[PDB]
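The next block is work_37.txt, given as compact mmCIF, C-alpha atoms and all ligand atoms.
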# COMPACT_ATOMS: atom_id res chain seq x y z
CA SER A 1 96.21 110.56 -36.83
CA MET A 2 99.09 108.56 -38.23
CA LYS A 3 100.19 106.06 -35.57
CA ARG A 4 103.85 105.75 -34.51
CA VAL A 5 105.34 102.29 -35.10
CA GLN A 6 107.75 101.71 -32.26
CA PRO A 7 111.23 100.30 -32.91
CA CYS A 8 111.63 96.48 -32.70
CA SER A 9 113.08 95.18 -29.40
CA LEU A 10 113.99 91.68 -30.78
CA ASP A 11 117.41 90.33 -31.72
CA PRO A 12 117.78 89.31 -35.43
CA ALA A 13 117.44 85.56 -34.82
CA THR A 14 114.13 86.03 -32.94
CA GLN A 15 112.86 88.44 -35.56
CA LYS A 16 113.54 85.79 -38.13
CA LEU A 17 111.74 83.08 -36.14
CA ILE A 18 108.70 85.33 -35.54
CA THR A 19 108.67 86.21 -39.28
CA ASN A 20 108.84 82.51 -40.21
CA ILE A 21 106.19 81.19 -37.84
CA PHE A 22 103.57 83.76 -38.81
CA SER A 23 104.42 83.89 -42.51
CA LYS A 24 101.45 83.77 -44.85
CA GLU A 25 103.62 82.13 -47.53
CA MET A 26 104.73 79.47 -45.01
CA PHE A 27 101.08 78.71 -44.11
CA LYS A 28 99.94 78.55 -47.72
CA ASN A 29 102.99 76.32 -48.58
CA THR A 30 102.01 74.00 -45.82
CA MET A 31 98.42 73.88 -47.19
CA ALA A 32 99.74 73.15 -50.69
CA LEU A 33 102.00 70.41 -49.28
CA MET A 34 98.91 68.77 -47.71
CA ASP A 35 97.01 68.94 -51.04
CA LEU A 36 94.62 71.70 -49.96
CA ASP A 37 93.09 74.10 -52.44
CA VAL A 38 94.52 77.43 -51.26
CA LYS A 39 92.54 79.48 -53.82
CA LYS A 40 89.27 78.09 -52.44
CA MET A 41 90.46 78.08 -48.80
CA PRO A 42 92.45 81.27 -48.32
CA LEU A 43 93.88 81.92 -44.88
CA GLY A 44 91.45 84.69 -43.91
CA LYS A 45 88.47 82.47 -44.70
CA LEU A 46 89.52 79.46 -42.57
CA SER A 47 87.12 79.06 -39.70
CA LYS A 48 86.68 76.94 -36.64
CA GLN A 49 83.26 75.90 -37.93
CA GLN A 50 84.76 74.63 -41.17
CA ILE A 51 87.33 72.64 -39.34
CA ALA A 52 84.62 71.18 -37.01
CA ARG A 53 82.60 70.10 -39.99
CA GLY A 54 85.65 68.45 -41.57
CA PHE A 55 86.22 66.41 -38.41
CA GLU A 56 82.47 65.37 -38.39
CA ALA A 57 82.98 64.30 -42.04
CA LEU A 58 85.91 62.13 -41.06
CA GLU A 59 83.98 60.75 -38.11
CA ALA A 60 81.28 59.52 -40.55
CA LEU A 61 84.01 57.92 -42.73
CA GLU A 62 85.54 56.22 -39.67
CA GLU A 63 82.18 54.72 -38.83
CA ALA A 64 81.73 53.44 -42.42
CA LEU A 65 85.24 51.91 -42.40
CA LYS A 66 84.35 49.79 -39.34
CA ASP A 67 74.86 48.70 -42.75
CA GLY A 68 73.35 50.46 -45.79
CA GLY A 69 75.15 53.68 -44.95
CA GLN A 70 76.51 56.07 -47.54
CA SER A 71 79.43 54.62 -49.62
CA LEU A 72 83.01 55.70 -48.90
CA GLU A 73 82.90 57.64 -52.18
CA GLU A 74 79.83 59.65 -51.19
CA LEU A 75 81.16 60.32 -47.69
CA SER A 76 84.58 61.32 -49.12
CA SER A 77 82.88 63.60 -51.54
CA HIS A 78 81.17 65.31 -48.59
CA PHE A 79 84.57 65.76 -46.80
CA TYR A 80 86.08 67.28 -49.93
CA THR A 81 83.19 69.70 -50.24
CA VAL A 82 83.91 70.85 -46.71
CA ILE A 83 87.70 70.91 -47.01
CA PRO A 84 88.65 71.74 -50.65
CA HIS A 85 91.61 69.78 -52.03
CA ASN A 86 93.73 70.34 -55.13
CA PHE A 87 94.83 67.43 -57.26
CA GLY A 88 95.37 69.36 -60.49
CA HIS A 89 91.59 69.58 -61.02
CA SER A 90 91.24 65.74 -61.17
CA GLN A 91 88.70 64.22 -58.82
CA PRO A 92 90.23 63.62 -55.33
CA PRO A 93 90.59 60.05 -54.06
CA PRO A 94 88.24 58.13 -51.70
CA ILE A 95 89.25 57.83 -48.07
CA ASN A 96 89.07 54.06 -47.77
CA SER A 97 91.79 52.77 -45.43
CA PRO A 98 92.67 53.45 -41.78
CA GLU A 99 96.00 54.87 -42.95
CA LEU A 100 94.44 57.52 -45.18
CA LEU A 101 91.83 58.35 -42.58
CA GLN A 102 94.56 59.12 -40.01
CA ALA A 103 96.45 61.18 -42.72
CA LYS A 104 93.33 63.36 -43.21
CA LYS A 105 92.79 63.64 -39.44
CA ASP A 106 96.42 64.82 -39.13
CA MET A 107 95.97 67.29 -41.99
CA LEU A 108 92.98 68.85 -40.17
CA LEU A 109 94.96 69.02 -36.94
CA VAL A 110 97.63 71.03 -38.79
CA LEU A 111 94.93 73.19 -40.38
CA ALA A 112 93.38 73.77 -36.89
CA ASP A 113 96.70 75.24 -35.78
CA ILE A 114 96.94 77.39 -38.90
CA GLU A 115 93.46 78.72 -38.14
CA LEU A 116 94.57 79.39 -34.49
CA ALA A 117 97.54 81.48 -35.71
CA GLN A 118 95.16 83.50 -37.92
CA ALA A 119 92.60 83.94 -35.13
CA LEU A 120 95.44 84.98 -32.83
CA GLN A 121 96.50 87.78 -35.15
CA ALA A 122 93.05 89.48 -35.21
CA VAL A 123 93.46 93.18 -34.41
CA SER A 124 91.89 94.02 -31.04
CA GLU A 125 90.01 97.19 -30.09
CA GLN A 126 92.59 98.72 -27.74
CA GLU A 127 94.99 98.32 -30.70
CA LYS A 128 92.65 100.40 -32.91
CA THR A 129 92.49 103.17 -30.23
CA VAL A 130 96.22 103.52 -29.03
CA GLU A 131 98.26 106.19 -30.83
CA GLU A 132 101.45 104.14 -31.02
CA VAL A 133 101.83 100.47 -31.92
CA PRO A 134 104.68 97.94 -31.38
CA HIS A 135 106.72 96.91 -34.34
CA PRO A 136 104.73 94.08 -36.10
CA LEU A 137 107.32 91.50 -34.90
CA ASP A 138 107.08 92.72 -31.29
CA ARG A 139 103.32 92.54 -31.63
CA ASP A 140 103.43 89.02 -33.04
CA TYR A 141 105.92 87.89 -30.38
CA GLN A 142 103.63 89.33 -27.64
CA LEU A 143 100.60 87.45 -28.96
CA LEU A 144 102.34 84.17 -28.11
CA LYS A 145 102.31 84.97 -24.37
CA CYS A 146 105.55 82.92 -24.28
CA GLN A 147 109.01 84.08 -23.29
CA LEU A 148 111.77 83.16 -25.68
CA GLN A 149 115.38 83.78 -24.73
CA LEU A 150 118.04 83.19 -27.35
CA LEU A 151 120.97 81.29 -25.90
CA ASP A 152 124.64 81.83 -26.66
CA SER A 153 127.42 79.24 -27.07
CA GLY A 154 128.38 79.39 -23.42
CA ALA A 155 124.89 79.03 -21.82
CA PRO A 156 125.24 76.10 -19.39
CA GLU A 157 122.86 73.87 -21.29
CA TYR A 158 124.20 74.81 -24.81
CA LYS A 159 126.86 72.07 -25.23
CA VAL A 160 124.67 69.47 -23.68
CA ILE A 161 121.94 70.27 -26.23
CA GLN A 162 124.37 70.41 -29.12
CA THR A 163 125.73 67.03 -28.01
CA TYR A 164 122.21 65.52 -27.87
CA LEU A 165 121.55 66.82 -31.40
CA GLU A 166 124.84 65.67 -32.85
CA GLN A 167 125.04 62.25 -31.20
CA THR A 168 121.47 61.18 -31.93
CA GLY A 169 120.88 62.90 -35.27
CA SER A 170 121.42 61.24 -38.67
CA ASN A 171 124.88 59.90 -39.16
CA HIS A 172 125.33 61.02 -42.74
CA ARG A 173 123.56 64.43 -42.89
CA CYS A 174 122.94 65.63 -39.28
CA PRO A 175 120.81 68.74 -38.99
CA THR A 176 122.99 71.84 -38.53
CA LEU A 177 122.29 73.80 -35.33
CA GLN A 178 121.62 77.54 -36.00
CA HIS A 179 119.92 78.85 -32.77
CA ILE A 180 118.53 77.62 -29.49
CA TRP A 181 115.92 79.51 -27.53
CA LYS A 182 114.87 78.76 -23.95
CA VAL A 183 111.05 78.53 -23.94
CA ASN A 184 109.09 79.69 -20.90
CA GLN A 185 105.45 79.31 -21.56
CA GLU A 186 103.92 80.38 -18.32
CA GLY A 187 100.70 78.69 -17.32
CA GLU A 188 102.57 75.55 -18.16
CA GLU A 189 104.27 76.10 -14.76
CA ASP A 190 101.38 75.10 -12.47
CA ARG A 191 100.09 71.95 -14.22
CA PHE A 192 103.69 70.66 -14.55
CA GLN A 193 104.33 71.47 -10.85
CA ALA A 194 101.56 68.86 -10.25
CA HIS A 195 103.95 66.02 -11.28
CA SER A 196 106.90 67.32 -9.12
CA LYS A 197 107.00 64.05 -7.07
CA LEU A 198 107.19 62.02 -10.34
CA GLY A 199 110.83 61.22 -10.84
CA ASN A 200 112.03 59.91 -14.11
CA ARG A 201 112.11 63.16 -16.10
CA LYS A 202 113.66 63.10 -19.56
CA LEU A 203 114.46 65.85 -22.08
CA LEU A 204 112.98 64.57 -25.36
CA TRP A 205 112.62 65.69 -28.98
CA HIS A 206 109.39 66.74 -30.58
CA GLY A 207 109.78 67.70 -34.26
CA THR A 208 106.91 69.48 -36.11
CA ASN A 209 105.70 71.47 -39.14
CA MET A 210 106.64 75.11 -39.11
CA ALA A 211 102.87 75.85 -39.46
CA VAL A 212 102.13 74.56 -35.93
CA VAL A 213 105.00 76.26 -34.05
CA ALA A 214 103.02 79.43 -33.17
CA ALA A 215 100.16 77.32 -31.82
CA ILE A 216 102.56 75.22 -29.75
CA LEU A 217 104.21 78.31 -28.31
CA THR A 218 100.76 79.70 -27.32
CA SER A 219 99.27 76.50 -25.91
CA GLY A 220 101.92 73.77 -25.38
CA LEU A 221 101.82 70.27 -26.90
CA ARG A 222 98.26 69.06 -26.95
CA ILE A 223 96.15 65.91 -27.43
CA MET A 224 92.96 66.17 -29.49
CA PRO A 225 90.05 63.87 -29.96
CA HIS A 226 91.43 62.79 -33.31
CA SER A 227 95.12 62.56 -32.32
CA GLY A 228 96.51 59.16 -33.27
CA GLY A 229 99.45 57.14 -34.43
CA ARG A 230 101.31 53.92 -33.77
CA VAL A 231 100.97 54.23 -29.97
CA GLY A 232 97.52 55.81 -29.84
CA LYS A 233 96.04 59.12 -28.63
CA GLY A 234 98.88 60.91 -26.88
CA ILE A 235 101.79 63.27 -27.34
CA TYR A 236 104.80 61.72 -29.13
CA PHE A 237 108.49 62.26 -28.46
CA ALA A 238 111.77 60.62 -29.43
CA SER A 239 115.11 60.21 -27.71
CA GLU A 240 116.84 60.12 -31.13
CA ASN A 241 116.82 63.43 -32.93
CA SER A 242 116.84 61.57 -36.26
CA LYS A 243 113.39 60.04 -35.46
CA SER A 244 111.84 63.45 -34.68
CA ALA A 245 113.57 65.11 -37.64
CA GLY A 246 111.54 62.81 -39.92
CA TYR A 247 108.55 64.90 -38.87
CA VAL A 248 110.09 68.26 -39.74
CA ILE A 249 109.14 69.31 -43.32
CA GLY A 250 111.33 72.39 -43.43
CA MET A 251 110.86 75.45 -45.66
CA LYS A 252 113.21 76.65 -48.43
CA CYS A 253 114.60 80.09 -47.48
CA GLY A 254 117.13 81.45 -49.95
CA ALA A 255 119.65 78.62 -50.46
CA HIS A 256 118.80 76.94 -47.10
CA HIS A 257 116.16 74.55 -45.76
CA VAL A 258 114.96 75.88 -42.34
CA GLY A 259 113.29 73.72 -39.68
CA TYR A 260 112.28 73.85 -36.00
CA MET A 261 112.38 71.21 -33.29
CA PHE A 262 111.36 71.36 -29.64
CA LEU A 263 112.92 69.79 -26.61
CA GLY A 264 110.32 69.07 -23.87
CA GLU A 265 110.88 68.00 -20.29
CA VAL A 266 108.63 64.96 -19.91
CA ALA A 267 107.72 63.48 -16.53
CA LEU A 268 107.68 59.86 -17.63
CA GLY A 269 107.19 58.37 -14.14
CA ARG A 270 106.67 54.58 -14.28
CA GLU A 271 107.28 53.37 -17.80
CA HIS A 272 105.31 50.67 -19.63
CA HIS A 273 107.45 49.25 -22.41
CA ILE A 274 105.90 47.80 -25.54
CA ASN A 275 107.40 46.22 -28.66
CA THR A 276 104.49 46.16 -31.09
CA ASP A 277 102.21 48.89 -32.49
CA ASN A 278 99.00 49.74 -30.59
CA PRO A 279 97.05 52.60 -32.30
CA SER A 280 94.11 52.00 -29.93
CA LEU A 281 95.84 53.21 -26.73
CA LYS A 282 94.35 56.19 -24.94
CA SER A 283 96.33 55.91 -21.62
CA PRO A 284 99.06 53.79 -20.06
CA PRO A 285 97.94 50.56 -18.41
CA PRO A 286 96.83 50.90 -14.79
CA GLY A 287 99.73 51.86 -12.50
CA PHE A 288 101.87 53.35 -15.26
CA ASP A 289 102.50 57.03 -16.18
CA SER A 290 103.85 56.57 -19.76
CA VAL A 291 104.19 54.14 -22.68
CA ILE A 292 107.52 53.72 -24.44
CA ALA A 293 107.45 51.87 -27.75
CA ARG A 294 110.99 50.63 -27.47
CA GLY A 295 113.20 50.68 -30.54
CA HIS A 296 115.96 48.42 -31.74
CA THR A 297 118.32 51.14 -30.61
CA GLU A 298 118.49 53.76 -27.86
CA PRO A 299 120.97 56.50 -27.17
CA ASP A 300 123.66 54.82 -25.06
CA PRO A 301 122.36 55.08 -21.50
CA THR A 302 125.85 54.91 -19.98
CA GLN A 303 126.39 58.37 -21.52
CA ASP A 304 123.19 60.06 -20.16
CA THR A 305 123.81 63.33 -18.36
CA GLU A 306 121.50 65.58 -16.38
CA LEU A 307 120.38 69.19 -16.46
CA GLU A 308 118.82 71.06 -13.57
CA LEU A 309 115.60 72.72 -14.61
CA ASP A 310 113.40 74.53 -12.02
CA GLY A 311 115.36 72.68 -9.35
CA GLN A 312 114.73 69.15 -10.80
CA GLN A 313 117.18 66.74 -12.39
CA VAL A 314 116.21 66.01 -15.98
CA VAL A 315 117.92 63.27 -17.89
CA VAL A 316 119.44 64.26 -21.29
CA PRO A 317 120.81 61.56 -23.55
CA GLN A 318 124.34 62.28 -24.88
CA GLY A 319 125.19 58.89 -26.44
CA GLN A 320 125.10 57.55 -29.99
CA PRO A 321 122.37 55.04 -30.54
CA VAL A 322 123.25 51.46 -29.56
CA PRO A 323 121.39 48.15 -30.01
CA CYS A 324 119.06 46.97 -27.24
CA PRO A 325 119.09 43.16 -27.49
CA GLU A 326 115.77 42.77 -25.58
CA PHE A 327 114.03 44.81 -28.26
CA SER A 328 115.80 43.47 -31.36
CA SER A 329 112.50 42.10 -32.63
CA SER A 330 110.42 45.20 -31.86
CA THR A 331 108.16 46.61 -34.52
CA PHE A 332 109.85 50.00 -33.78
CA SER A 333 113.29 50.82 -35.20
CA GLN A 334 113.55 53.78 -32.85
CA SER A 335 111.73 54.52 -29.61
CA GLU A 336 108.52 56.56 -29.37
CA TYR A 337 107.86 58.04 -25.95
CA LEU A 338 104.20 58.60 -25.14
CA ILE A 339 102.33 60.61 -22.53
CA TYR A 340 98.58 60.74 -22.36
CA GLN A 341 98.12 63.93 -20.29
CA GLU A 342 99.26 67.41 -21.45
CA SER A 343 100.45 68.26 -17.93
CA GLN A 344 103.30 65.68 -18.16
CA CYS A 345 105.30 67.79 -20.66
CA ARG A 346 106.73 71.30 -20.22
CA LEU A 347 108.39 72.97 -23.28
CA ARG A 348 111.97 73.94 -22.51
CA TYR A 349 113.86 74.65 -25.75
CA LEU A 350 113.29 75.51 -29.40
CA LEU A 351 115.98 74.87 -31.98
CA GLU A 352 116.38 76.23 -35.46
CA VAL A 353 118.20 73.77 -37.69
CA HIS A 354 119.34 73.92 -41.31
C1 LIG A 401 99.65 66.35 -37.07
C2 LIG A 401 100.54 67.16 -36.11
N1 LIG A 401 101.43 66.16 -35.50
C3 LIG A 401 102.71 66.39 -35.22
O1 LIG A 401 103.26 67.48 -35.41
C4 LIG A 401 103.46 65.14 -34.65
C5 LIG A 401 104.96 65.36 -34.83
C6 LIG A 401 105.75 64.31 -34.30
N2 LIG A 401 105.41 63.02 -34.27
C7 LIG A 401 106.24 62.08 -33.69
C8 LIG A 401 105.87 60.74 -33.71
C9 LIG A 401 106.73 59.77 -33.18
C10 LIG A 401 107.96 60.14 -32.66
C11 LIG A 401 108.34 61.48 -32.67
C12 LIG A 401 107.49 62.43 -33.21
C13 LIG A 401 107.84 63.79 -33.24
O2 LIG A 401 108.92 64.23 -32.83
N3 LIG A 401 106.96 64.68 -33.79
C14 LIG A 401 99.67 67.84 -35.19
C15 LIG A 401 99.04 67.12 -34.13
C16 LIG A 401 98.19 67.78 -33.24
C17 LIG A 401 97.94 69.17 -33.42
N4 LIG A 401 97.09 69.78 -32.61
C18 LIG A 401 96.89 69.66 -31.28
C19 LIG A 401 95.83 70.44 -30.94
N5 LIG A 401 95.37 71.01 -32.07
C20 LIG A 401 96.12 70.58 -33.10
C21 LIG A 401 98.55 69.85 -34.49
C22 LIG A 401 99.41 69.19 -35.34

In structure tokens, write the structure found in this file.
Amino acid sequence: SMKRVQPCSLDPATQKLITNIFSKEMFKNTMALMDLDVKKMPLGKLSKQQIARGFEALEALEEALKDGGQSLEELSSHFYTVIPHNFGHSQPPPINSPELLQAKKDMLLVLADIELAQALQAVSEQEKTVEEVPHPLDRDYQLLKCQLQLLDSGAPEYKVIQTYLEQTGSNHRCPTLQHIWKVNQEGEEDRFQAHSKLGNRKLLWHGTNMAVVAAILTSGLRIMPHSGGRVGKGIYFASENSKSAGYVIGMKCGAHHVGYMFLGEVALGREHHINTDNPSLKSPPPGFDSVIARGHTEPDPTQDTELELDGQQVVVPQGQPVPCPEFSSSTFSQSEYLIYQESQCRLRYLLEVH
């Protein structure tokens, strides 16, 4: 009656990643870092319904912020009832600016991915009936339905990636490369095949929270109804690692600070360049396939190389950032690359950095 636990098939680096991205402590840390009350909102109690209600609560606040309706205090108080927060048992603050509204929308987006990782781990029926089970880390890896292949130092893309990291990361304290995995999330293949005629492909950084990595591996980079930011409702990338790194929180592990960053192949097609913030965008202007909020600098284009991925040439920057005189007055210090359809990105690499 005792089930056999089969030996783990994963290399140590992958075991570590799979431990990290499903870690209950990591998820709870992330909740504490977003001011959530983890005692009142434990991981096993998070539900899709709760999250839905929280978004409805924010929708009502958004309406008030743009009549005799409920005050921002009352409507905040509703939100906090739905999504418990911890501010050392003082009374949480009213959501009364566009900036704070987007911060709460972004918190719930993170929480939605935490809930997905929990839902994903639910033990199925066939699992209750089989007499042998995979090692927990094999099981968790398999749940992702995503192939990860750890690269070594002499993989053809390895030096190119390392160069992109080193040349466009922070000058004074560049993240240290630990591992690179090739990511093959199948069922990304077909939608991305759609844009095969679209030239102008670029390999671009997307940094995130450790708490959303499992979700990204299962489903790709996604746009939600409440997605937002300086260039509107799309998926954000950067050509400078240092820009994307600003979005990595990174978890203390022993004496190290561990973080994860993706590289996506983005079919940018015909680019629309802007130089001022537009949080209201929901697509490129007619006739364009992307929006690039152009920064004061860009990785030196004269140093761009290419990789061949699924038979397509994909541009990879290799240059240190240089000034772009035409965009010296831009509201953006560094470029943000936007797509507004999920099919225009395919995940290609995952990097662990310390
Ligand atoms: C709030 C979080 N957003 C991010 O992780 C954005 C990270 C990021 N932002 C950038 C902005 C400008 C330039 C670069 C970056 C970047 O590299 N990463 C998030 C957004 C959407 C979702 N999501 C999607 C579907 N369900 C939840 C989950 C988490």

Minimum-distance residue to residue 176 in chain A, chosen among A:229, A:156, A:259, A:44 (using only C-alpha atoms): A:259

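Using only C-alpha atoms, the shortest contact distance between residue 22 in chain A and any of A:91, A:145, A:213, A:152 is found at A:213.
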
To check your reading of the model: which residues sit at most 7 Å from ligand LIG 401 (chain A) when counting only C-alpha atoms and all ligand atoms? Write the answer as a ChimeraX atom specification. /A:106-107,109-110,112-113,205-209,212,221-224,227,236-238,243-245,247,336

Show me, as a PyMOL selection string, the residues that have an atom within 12 Å of range 215-219 of chain A when counting only C-alpha atoms, minus same-chain residues fewer than 2 positions from it. chain A and resi 17-18+21-22+109-121+140-148+181-188+206-213+221-223+260-262+264+342-343+345-350

Suppose we keep C-alpha atoms; can you now write the selection as a PDB file, keeping the file's coordinate frame?
ATOM      1  CA  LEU A  17     111.740  83.080 -36.140  1.00  0.00           C
ATOM      2  CA  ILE A  18     108.700  85.330 -35.540  1.00  0.00           C
ATOM      3  CA  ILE A  21     106.190  81.190 -37.840  1.00  0.00           C
ATOM      4  CA  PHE A  22     103.570  83.760 -38.810  1.00  0.00           C
ATOM      5  CA  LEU A 109      94.960  69.020 -36.940  1.00  0.00           C
ATOM      6  CA  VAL A 110      97.630  71.030 -38.790  1.00  0.00           C
ATOM      7  CA  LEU A 111      94.930  73.190 -40.380  1.00  0.00           C
ATOM      8  CA  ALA A 112      93.380  73.770 -36.890  1.00  0.00           C
ATOM      9  CA  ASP A 113      96.700  75.240 -35.780  1.00  0.00           C
ATOM     10  CA  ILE A 114      96.940  77.390 -38.900  1.00  0.00           C
ATOM     11  CA  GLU A 115      93.460  78.720 -38.140  1.00  0.00           C
ATOM     12  CA  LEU A 116      94.570  79.390 -34.490  1.00  0.00           C
ATOM     13  CA  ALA A 117      97.540  81.480 -35.710  1.00  0.00           C
ATOM     14  CA  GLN A 118      95.160  83.500 -37.920  1.00  0.00           C
ATOM     15  CA  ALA A 119      92.600  83.940 -35.130  1.00  0.00           C
ATOM     16  CA  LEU A 120      95.440  84.980 -32.830  1.00  0.00           C
ATOM     17  CA  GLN A 121      96.500  87.780 -35.150  1.00  0.00           C
ATOM     18  CA  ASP A 140     103.430  89.020 -33.040  1.00  0.00           C
ATOM     19  CA  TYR A 141     105.920  87.890 -30.380  1.00  0.00           C
ATOM     20  CA  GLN A 142     103.630  89.330 -27.640  1.00  0.00           C
ATOM     21  CA  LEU A 143     100.600  87.450 -28.960  1.00  0.00           C
ATOM     22  CA  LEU A 144     102.340  84.170 -28.110  1.00  0.00           C
ATOM     23  CA  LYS A 145     102.310  84.970 -24.370  1.00  0.00           C
ATOM     24  CA  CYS A 146     105.550  82.920 -24.280  1.00  0.00           C
ATOM     25  CA  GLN A 147     109.010  84.080 -23.290  1.00  0.00           C
ATOM     26  CA  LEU A 148     111.770  83.160 -25.680  1.00  0.00           C
ATOM     27  CA  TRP A 181     115.920  79.510 -27.530  1.00  0.00           C
ATOM     28  CA  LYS A 182     114.870  78.760 -23.950  1.00  0.00           C
ATOM     29  CA  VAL A 183     111.050  78.530 -23.940  1.00  0.00           C
ATOM     30  CA  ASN A 184     109.090  79.690 -20.900  1.00  0.00           C
ATOM     31  CA  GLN A 185     105.450  79.310 -21.560  1.00  0.00           C
ATOM     32  CA  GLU A 186     103.920  80.380 -18.320  1.00  0.00           C
ATOM     33  CA  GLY A 187     100.700  78.690 -17.320  1.00  0.00           C
ATOM     34  CA  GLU A 188     102.570  75.550 -18.160  1.00  0.00           C
ATOM     35  CA  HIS A 206     109.390  66.740 -30.580  1.00  0.00           C
ATOM     36  CA  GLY A 207     109.780  67.700 -34.260  1.00  0.00           C
ATOM     37  CA  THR A 208     106.910  69.480 -36.110  1.00  0.00           C
ATOM     38  CA  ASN A 209     105.700  71.470 -39.140  1.00  0.00           C
ATOM     39  CA  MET A 210     106.640  75.110 -39.110  1.00  0.00           C
ATOM     40  CA  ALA A 211     102.870  75.850 -39.460  1.00  0.00           C
ATOM     41  CA  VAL A 212     102.130  74.560 -35.930  1.00  0.00           C
ATOM     42  CA  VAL A 213     105.000  76.260 -34.050  1.00  0.00           C
ATOM     43  CA  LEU A 221     101.820  70.270 -26.900  1.00  0.00           C
ATOM     44  CA  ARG A 222      98.260  69.060 -26.950  1.00  0.00           C
ATOM     45  CA  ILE A 223      96.150  65.910 -27.430  1.00  0.00           C
ATOM     46  CA  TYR A 260     112.280  73.850 -36.000  1.00  0.00           C
ATOM     47  CA  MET A 261     112.380  71.210 -33.290  1.00  0.00           C
ATOM     48  CA  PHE A 262     111.360  71.360 -29.640  1.00  0.00           C
ATOM     49  CA  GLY A 264     110.320  69.070 -23.870  1.00  0.00           C
ATOM     50  CA  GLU A 342      99.260  67.410 -21.450  1.00  0.00           C
ATOM     51  CA  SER A 343     100.450  68.260 -17.930  1.00  0.00           C
ATOM     52  CA  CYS A 345     105.300  67.790 -20.660  1.00  0.00           C
ATOM     53  CA  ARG A 346     106.730  71.300 -20.220  1.00  0.00           C
ATOM     54  CA  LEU A 347     108.390  72.970 -23.280  1.00  0.00           C
ATOM     55  CA  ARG A 348     111.970  73.940 -22.510  1.00  0.00           C
ATOM     56  CA  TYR A 349     113.860  74.650 -25.750  1.00  0.00           C
ATOM     57  CA  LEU A 350     113.290  75.510 -29.400  1.00  0.00           C
TER      58      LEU A 350
END

Answer as a PyMOL selection string, residues within 9 Å of (117.6, 66.8, -19.2) using only C-alpha atoms: chain A and resi 160-161+201-204+264-265+304-309+313-317

Just the number, please: distance in Å from CA of residue 192 in chain A to CA of residue 164 in chain A, one decimal. 23.4 Å

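For the pair CA of residue 166 in chain A and CA of residue 220 in chain A, the separation is 25.4 Å.
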
Separating CA of residue 180 in chain A from CA of residue 157 in chain A, to the nearest tenth of an Å, is a gap of 10.0 Å

Shortest interatomic distance to residue 76 in chain A - which of A:15, A:280, A:97, A:320, counting only C-alpha atoms: A:97

A:271, A:37, A:25, A:56: which is nearest residue 87 in chain A, counting all atoms listed in the file? A:37

Residue among A:331, A:302, A:241, A:344 lying closest to residue 274 in chain A, counting only C-alpha atoms: A:331

For range 38-54 of chain A, what centre and edge lengths in Å (one decimal) does the axis-aligned box get once 5 Å is added on each side of all its listed atoms, as lines of an AutoDock Vina configuration file?
center_x = 88.6
center_y = 76.6
center_z = -45.2
size_x = 21.9
size_y = 26.2
size_z = 27.2

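Taking all atoms listed in the file, the non-local environment of residue 96 in chain A within 10 Å (same-chain residues fewer than 4 positions away omitted) comprises residues 61, 62, 64, 65, 71, 72, 73, 76, 100 and 101 of chain A.
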
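Distances here use only C-alpha atoms; by that measure, the residue among A:312, A:297, A:196, A:129 closest to residue 2 in chain A is A:129.
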
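Residue neighbourhood of residue 321 in chain A, excluding near-sequence residues (fewer than 5 positions): residues 167, 168, 240, 297, 298, 299 and 300 of chain A, at 8 Å, using all atoms listed in the file.
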
Please return range 124-130 of chain A, rebuilt to N, CA, C and O atoms, as a JSON list (two decimals), in the frame of the given file.
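Listing of result16.json after writing:
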[["chain", "number", "residue", "atom", "x", "y", "z"],
["A", 124, "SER", "N", 92.81, 93.70, -32.12],
["A", 124, "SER", "CA", 91.89, 94.02, -31.04],
["A", 124, "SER", "C", 91.45, 95.50, -31.06],
["A", 124, "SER", "O", 91.93, 96.31, -31.85],
["A", 125, "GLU", "N", 90.55, 95.84, -30.15],
["A", 125, "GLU", "CA", 90.01, 97.19, -30.09],
["A", 125, "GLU", "C", 90.97, 98.19, -29.48],
["A", 125, "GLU", "O", 91.16, 99.28, -30.03],
["A", 126, "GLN", "N", 91.60, 97.83, -28.35],
["A", 126, "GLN", "CA", 92.59, 98.72, -27.74],
["A", 126, "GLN", "C", 93.68, 99.04, -28.76],
["A", 126, "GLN", "O", 94.21, 100.15, -28.76],
["A", 127, "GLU", "N", 93.97, 98.11, -29.66],
["A", 127, "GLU", "CA", 94.99, 98.32, -30.70],
["A", 127, "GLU", "C", 94.53, 99.36, -31.72],
["A", 127, "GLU", "O", 95.35, 100.14, -32.23],
["A", 128, "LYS", "N", 93.22, 99.39, -32.01],
["A", 128, "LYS", "CA", 92.65, 100.40, -32.91],
["A", 128, "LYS", "C", 92.62, 101.83, -32.26],
["A", 128, "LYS", "O", 92.79, 102.85, -32.95],
["A", 129, "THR", "N", 92.50, 101.88, -30.93],
["A", 129, "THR", "CA", 92.49, 103.17, -30.23],
["A", 129, "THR", "C", 93.88, 103.79, -29.79],
["A", 129, "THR", "O", 94.00, 104.99, -29.79],
["A", 130, "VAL", "N", 94.90, 102.98, -29.45],
["A", 130, "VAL", "CA", 96.22, 103.52, -29.03],
["A", 130, "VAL", "C", 96.85, 104.33, -30.14],
["A", 130, "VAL", "O", 96.63, 104.05, -31.34]]
